[PDB]
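Asks: Residue numbers (PDB author numbering): 97 to 181.
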Amino acid sequence: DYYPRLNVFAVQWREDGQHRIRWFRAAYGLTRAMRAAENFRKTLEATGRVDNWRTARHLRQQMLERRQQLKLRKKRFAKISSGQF
RNA sequence: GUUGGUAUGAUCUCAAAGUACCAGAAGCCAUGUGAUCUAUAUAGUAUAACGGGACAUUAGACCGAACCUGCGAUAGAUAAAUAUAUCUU
């Protein structure tokens, strides 16, 4: 998208539920800024940092760190699931 | 051939005066003037504005123009302006 008051091209996407935006100043050139924004968006899509465009490989790869964080949480709240406390 | 009082002119203001050498308070009371600034969603007798985007999707939801509004920094602060000028307010 284009923000005219700021004179920037913005890329807005969603990554892990969060809504994220990045700016690309157009003073360096309208075509250059727009193409930089498009290239950044396509790089995010390819690397799997946009949720709706992810592939099975990206989901599998992200599930590993998801599992690590979930195990940390489980150890955090271990004493409740066992029946003590 | 043993009374010294009575009234006025001047002068002064000495616990004289509806003024008391002059200037000078915040404030009190009476009668009026202000809802064109400002508070009360402008009580429809009246009345308009909000370009776009993300699989956000009936939202006191998100990023952002117009519009409403202005964190902090700098200057100004006998101003360009009695409150502004620049910017991701």
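We treat Cβ as the ideally placed atom computed from N, Cα and C, and that holds for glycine.
Taking all protein chains shown into account, decide if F105 is buried (16 or more other Cβ within 10 angstroms of its Cβ) or exposed.
Replies: Burial call: buried.
Asks: Where DSSP assigns a beta bridge to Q114, which residues make up the other side?
Replies: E111.
Asks: Check the DSSP bridge columns for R121 and list the partner residues they point to.
Replies: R121 is bridged to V104.
Asks: Between the C-alpha atoms of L155 and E141, what's the straight-line distance to the nearest angstrom?
Replies: Roughly 13 Å separates the two Cα atoms.
Asks: How close, in whole Å, do the beta carbons of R121 and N135 come, if the pair is a contact with beta carbons under 8 Å?
Replies: The pair is not a contact, with the Cβ atoms about 15 Å apart (cut-off 8 Å).
Asks: Return the CA-CA distance between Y124 and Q158, expressed in angstroms with no decimal places.
Replies: Each residue's Cα considered, the two are about 36 Å apart.
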